[PDB]
Amino acid sequence: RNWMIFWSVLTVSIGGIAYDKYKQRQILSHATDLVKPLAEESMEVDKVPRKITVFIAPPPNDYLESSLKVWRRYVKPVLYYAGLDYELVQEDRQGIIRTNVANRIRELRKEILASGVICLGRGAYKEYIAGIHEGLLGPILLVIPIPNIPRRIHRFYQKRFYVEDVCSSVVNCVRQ
Amino acid sequence: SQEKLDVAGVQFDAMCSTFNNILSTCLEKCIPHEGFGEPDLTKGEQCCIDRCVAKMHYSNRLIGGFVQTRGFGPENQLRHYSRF
Amino acid sequence: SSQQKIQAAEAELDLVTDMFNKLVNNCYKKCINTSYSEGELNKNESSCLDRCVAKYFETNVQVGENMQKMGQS
Amino acid sequence: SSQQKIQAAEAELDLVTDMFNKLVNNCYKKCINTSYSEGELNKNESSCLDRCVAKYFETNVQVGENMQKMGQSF
Amino acid sequence: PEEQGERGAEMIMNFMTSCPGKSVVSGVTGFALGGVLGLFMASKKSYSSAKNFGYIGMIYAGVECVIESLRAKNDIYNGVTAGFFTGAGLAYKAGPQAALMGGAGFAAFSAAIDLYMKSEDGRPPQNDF
Amino acid sequence: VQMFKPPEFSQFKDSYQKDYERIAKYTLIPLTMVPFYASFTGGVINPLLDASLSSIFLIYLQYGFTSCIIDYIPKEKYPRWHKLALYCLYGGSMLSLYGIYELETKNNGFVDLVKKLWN
Amino acid sequence: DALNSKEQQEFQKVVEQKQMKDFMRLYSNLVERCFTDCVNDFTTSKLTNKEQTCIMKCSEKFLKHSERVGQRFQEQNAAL
Amino acid sequence: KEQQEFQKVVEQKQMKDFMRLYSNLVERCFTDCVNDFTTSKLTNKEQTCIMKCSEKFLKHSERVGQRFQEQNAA
Amino acid sequence: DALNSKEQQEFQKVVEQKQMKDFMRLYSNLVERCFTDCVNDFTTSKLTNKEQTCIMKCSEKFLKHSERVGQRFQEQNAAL
Amino acid sequence: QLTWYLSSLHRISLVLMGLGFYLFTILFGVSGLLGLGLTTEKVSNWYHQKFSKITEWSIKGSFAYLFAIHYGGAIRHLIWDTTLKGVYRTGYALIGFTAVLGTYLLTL
């Protein structure tokens with residue numbers, strides 16, 4: 036019974052892992068559902084496609100690679116299909132997203148006085252709305375997916397609802 | 015002497031075209047198109063490049079001997095140059 | 014002289030020209046499909062070409078730096 | 014002028030030369046079996062080469078008409 | 024005056040590269056690593125462990141460098157025969173079936189090591205997803 | 062009255078030389094038909110088969126030479142030349158492995174050498 | 002490269018000559034491309050209408066492709 | 007009048023195209039049947055294959071030149 | 002070729018000119034080969050780390066291959 | 087007895103084919119550590135030039151007859167898979187198979 040229950044708990048753990056990764060692969064069917072509006076004629080020289088700026092902030096006190104994982108593996112096929120020429124503004128310190136968008140608005144204001240957006244993370248959306256309120260008021371579409385010790389394993393097993401949430405939000409952003 | 019100079023020039027061009035053909039063909043044949051494990055090419059690629067340039071230089075000598083037997087030249091092959 | 018300057022400019026011109034020819038051929042081979050289904054330039058390929066010319070220019074710059082690391086040109 | 018007429022006389026042979034070279038290469042790609050068994054072409058290959066050069070000239074005139082169609086005359 | 028010097032430089036490049044060097048450098052490397060592991064083994121024992129690991133390293137790198145000088149290639153199916161003949165030539169002194177099983181186990185181990193070191197330089201894919 | 066054995070050779074006592082010699086024989090029997098089959102139809106043969114055939118031939122010949130040298134020059138009696146001739150067998154085996162490797166790459170194979178000597 | 006300001010005009014003349022020579026080269030390369038890509042059948046001496054349409058699709062796709070890559074080339078070489 | 011330097015550049019282009027044709031011949035006839043590089047010297051089979059390829063490409067080039075001439079004259 | 006004299010000095014300069022042309026052609030073919038092999042990820046618009054390691058390895062392996070074929074071509078033309 | 091005959095023939099065929107194989111291999115072995123450069127073409131040319139026809143035919147007949155003794159080694163493997175009527179049958183089949191195989195190898 037020892038080896039029996041050993042291989043039993045081993046095969047139910049590996050079965051849960053394979054079921055989660057199989058469901059993550061299954062959401063690529065709805066990625067293919069987003070490949071269906073891709074096949075549209077762009078013009079030769081004039082049309083440069085719709086740019087979706089994406090602001091990247093790391094999770095607090097750990098590295099950027101977790102937010103880059105949730106960026107790449109889930110969001111980047113969706114923006115690579117349907118031909119949306121994105122751009123990535125990532126930070127390692129704090130405030131770089133904010134000063135980037137504020138310097139963009141400030142440069143637009145300085146140039147005019149010379150004569239969608241998907242930010243990942245609660246910190247990135249905080250710094251982005253601070254950069255908006257600094258650029259518009261100060262001197263000279372939004373989509374918020376949320377990246378995240386046995387709680388890590390509980391999140392790692394309850395993963396299909398999370399990738400369903402992220403993929404459904406970003407297909408709502410692309411299709412609409 | 016200009017005539018001996020560009021005779022040597024077209025002879026060096028005939029050497030250079032053959033050398034570039036050997037280089038491109040032994041590049042294509044056994045340097046792997048998939049991936050490179052390291053710079054400073056390994057033992058197998060060194061041995062294959064040696065055997066490729068040996069086979070290729072002998073084949074160039076054999077074909078350059080054979081097309082003179084079969085009379086291949088610019089006058090016998092390039093028929094389209096006779097219009098001009 | 015004028016003829017020397019014209020030939021020195023013409024070398025740059027046809028260098029850029031053969032770079033453009035190899036660029037067109039490679040970025041046609043890369044993701045523009047050979048199975049011609051519809052007579053359009055697709056929305057996927059219109060960004061493929063942007064990223065392909067950008068990556069080819071970064072490739073030419075990187076190899077031009079790696080030649081100049083060693084003692085050559 | 015002299016450079017104009019020599020450029021036209023150069024182009025009128027450069028076109029036919031490159032057409033001959035691409036004709037030889039593509040018709041050797043399409044028809045000739047890579048497994049060599051004899052040094053002479055078969056009766057199938059000798060006909061498919063004639064069909065190859067005929068289809069090549071048809072592709073040339075169709076591509077000329079299509080580039081005159083949507084491309085401007087300049 | 025310099026002909027013998029440049030010939031000696033070329034000969035030491037050939038002896039360090041073209042498989043005589045491949046055989047003996049990994050042999051003394053396995054000998055030193057077996058002498059290192061003999062500290063844990065004794066905790120004649122260290123000598124036998126150093127002899128065994130020097131044998132393993134020398135015959136693996138020698139059979140690899142002689143298969144790769146053959147066959148004109150640089151791919152896998154190399155290590156699965158190099159480690160196979162290494163396991164055979166090492167556990168040859170006891171049993172034909174034991175030599176076959178030792179060669180098969182060492183071939184699977186060398187194949188796993190080469191699949192770990194090789195599945196990072198394979199090909200940059202069409203998507204980093 | 063008996064079906065005794067295949068005629069046994071002077072196998073080394075501690076080593077498993079009999080079983081490995083049997084293995085080399087039984088895998089050398091069908092492998093020699095392959096140059097005979099591929100040479101009857103045409104001139105086609107490929108290396109890494111001539112190399113493996115000559116290497117298995119070398120291992121089998123080394124086993125045969127060790128069996129005849131143990132059969133004829135004893136270990137208990139006259140052992141001074143015996144170790145030297147065993148070392149000359151191993152030196153000949155190593156020089157012949159290098160000859161096989163130089164015959165596969167810089168030349169066209171041992172079976173090609175046999176055919177050019179028969180022609 | 003950098004030369005006299007009076008000699009820019011003959012420079013533009015030889016630029017025009019290089020442009021028309023490269024245009025004829027592009028024409029021949031397009032003929033080679035959709036001879037290679039779309040004419041695999043060799044039973045007749047005339048073109049099938051399916052292979053006709055393809056030579057239509059190759060001509061339009063490669064010429065729009067070449068103009069898009071030429072525009073991106075001018076865009077990328079504007080920086081460097 | 008200007009046709010002597012024109013025929014000089016025709017002869018130069020002829021020599022360059024002849025060298026390019028010879029190099030393409032050697033490239034195709036090598037690359038088709040030398041696909042095993044274990045040995046360092048050509049076998050009998052690959053040497054007969056290379057001679058067959060060069061003969062086939064020579065008469066194929068002559069056939070293509072003849073059909074190209076008759077469809078350029080028309 | 003065989004007859005060398007006081008006139009070979011200009012011949013070596015012409016050989017240097019042709020070697021510069023051939024190295025430019027070889028560099029263009031090097032860029033084409035290293036782009037064709039493993040620069041095949043087209044999601045982003047800049048070279049990732051794997052493609053940078055690819056381009057370094059392909060460039061150095063190509064130059065080692067070129068010098069190997071050059072010296073072996075010299076050793077094969079010397080024997081004859 | 088037949089067993090002494092076949093064992094002695096196996097031994098002499100093994101040792102003579104061993105000298106032939108070892109000599110033809112180490113002829114190319116000693117050419118590689120040195121700078122001798124002995125091809126198959128050079129050795130075959132020297133062997134066809136310095137040797138006459140009848141000595142070449144005797145060498146070929148000897149080697150082709152003794153290779154059938156090692157296919158008799160395959161026959162003694164066939165008895166090794168499992173009586174006087176057995177071993178005399180294997181000896182007679184050995185000598186008949188040896189004769190017809192030597193004829194077939196001389197025809198090549």
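Chains as they are written, first to last, in the authors' numbering: chain B, 36 to 150, 239 to 263, 371 to 378, 385 to 412; chain F, 15 to 98; chain J, 14 to 86; chain H, 14 to 87; chain A, 24 to 66, 120 to 205; chain D, 62 to 180; chain I, 2 to 81; chain G, 7 to 80; chain E, 2 to 81; chain C, 87 to 168, 173 to 198. C-beta: ideal position from N, C-alpha, C; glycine also.
Quick one: list the residues of chain J neighbouring residue i, beta-carbon separation under 9 angstroms, in chain order.
i       : result
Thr54/E : What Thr54/E touches in chain J: nothing, since even the nearest Cβ is about 11 angstroms away.
Could you please give the first and the last residue of the uninterrupted alpha helix (DSSP H) stretch that includes residue i?
i        : result
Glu26/A  : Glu26 to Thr40
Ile77/F  : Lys57 to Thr83
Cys39/I  : Counting along the chain, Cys39/I falls outside any alpha helix (DSSP H), and DSSP gives it neither H nor E.
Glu42/F  : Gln16 to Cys44
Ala137/B : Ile131 to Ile147
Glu52/I  : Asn50 to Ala80
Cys403/B : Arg396 to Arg411
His156/C : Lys139 to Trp166
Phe70/H  : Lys56 to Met83
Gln20/J  : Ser15 to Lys43
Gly181/C : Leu174 to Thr197
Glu163/D : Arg141 to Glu165
Under 7 angstroms Cβ-Cβ, which residues of chain E neighbour residue i?
i        : result
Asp151/A : Neighbours of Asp151/A on chain E: none; closest Cβ ~15 angstroms, over 7 angstroms.
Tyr115/B : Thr44
Do you know how far the Cα of residue j is from the Cα of residue i?
i        : j        : result
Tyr72/F  : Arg34/G  : 15 angstroms
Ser115/D : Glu33/A  : 32 angstroms
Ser43/B  : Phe392/B : 20 angstroms
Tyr136/A : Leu89/D  : 25 angstroms
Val70/E  : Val67/F  : 7 angstroms
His96/C  : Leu119/C : 34 angstroms
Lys65/I  : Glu79/B  : 6 angstroms
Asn378/B : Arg139/B : 29 angstroms
Interface residues of chain J around residue i at Cβ under 8 angstroms?
i       : result
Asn41/E : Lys43
Name the two residues that bound the continuous beta strand (DSSP E) containing residue i.
i        : result
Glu122/B : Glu122 to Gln125
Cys242/B : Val240 to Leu243
Please list, in chain order, all residues of the same chain as residue i whose beta carbon is under 7 angstroms from its beta carbon, the five residues on each side excluded.
i       : result
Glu52/G : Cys39 and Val40
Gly58/A : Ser122 and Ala126
Applying a beta-carbon distance threshold of less than 8 angstroms, which residues of chain A neighbour residue i?
i       : result
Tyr87/D : Ordered by position in chain A, no residue passes the 8 angstroms Cβ test against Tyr87/D, which lies about 12 angstroms from the chain.
Just to make sure I have the definition right: I need the residues of chain I whose C-beta is within less than 7 angstroms of the C-beta of residue i. Which are they?
i       : result
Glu79/B : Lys65, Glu68 and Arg69
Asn79/H : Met57 and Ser60
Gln20/H : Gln18
Can you give me the Cβ contacts of residue i inside the same chain, cut-off strictly under 6 angstroms, excluding the 5 residues immediately before and after it?
i        : result
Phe182/A : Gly159, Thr162 and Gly163
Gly239/B : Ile87, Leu371 and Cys409
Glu100/B : none
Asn5/I   : none
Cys61/J  : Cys44
Give me, in chain order, the residues of the same chain whose beta-carbon lies closer than 8 angstroms to that of residue i; leave out the 5 immediate sequence neighbours on both sides.
i        : result
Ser60/E  : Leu31 and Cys35
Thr49/E  : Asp42
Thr157/A : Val139, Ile143 and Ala183
Between residue i and the ligand COA, is there a pair consisting of the residue's CB and a ligand heavy atom that are separated by less than 8 angstroms?
i        : result
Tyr251/B : Of the ligands one can find in the structure shown there are none, so the ligand COA has no counterpart to examine.
Residues of chain H with CB closer than 8 angstroms to the CB of residue i, please, in chain order.
i       : result
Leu48/I : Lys68, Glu71, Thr72 and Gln75
What residues from chain J crowd round residue i, counting only those whose CB sits closer than 7 angstroms?
i       : result
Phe36/E : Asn39, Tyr69 and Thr72
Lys51/I : What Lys51/I touches in chain J: nothing, since even the nearest Cβ is about 11 angstroms away.
Using the beta-carbon of each residue, which ones in chain H are nearer than 7 angstroms to residue i?
i       : result
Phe98/F : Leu26
Output, in chain order, the set of chain A residues within a Cβ distance shorter than 7 angstroms of residue i.
i        : result
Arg107/B : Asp204 and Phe205
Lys62/E  : Under the 7 angstroms cutoff, chain A gives no residues; its nearest Cβ is about 11 angstroms from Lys62/E.
Please list, in chain order, the chain A residues whose beta carbon lies closer than 9 angstroms to that of residue i.
i        : result
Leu109/D : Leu146 and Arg147
What residues from chain D crowd round residue i, counting only those whose CB sits closer than 8 angstroms?
i        : result
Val139/A : Residues of chain D passing the Cβ test: none, with the nearest at roughly 11 angstroms.
- request: Pick out the complete beta strand (DSSP E) segments inside the stretch 49-112 of chain B, 3 residues or longer, and give them in chain order.
  value: Here the runs fully enclosed are 88-91.
- request: Just list the alpha helix (DSSP H) runs in the stretch 103-136 of chain D, keeping only unbroken ones of 4 residues or longer that don't cross its boundaries, in chain order.
  value: 111-133
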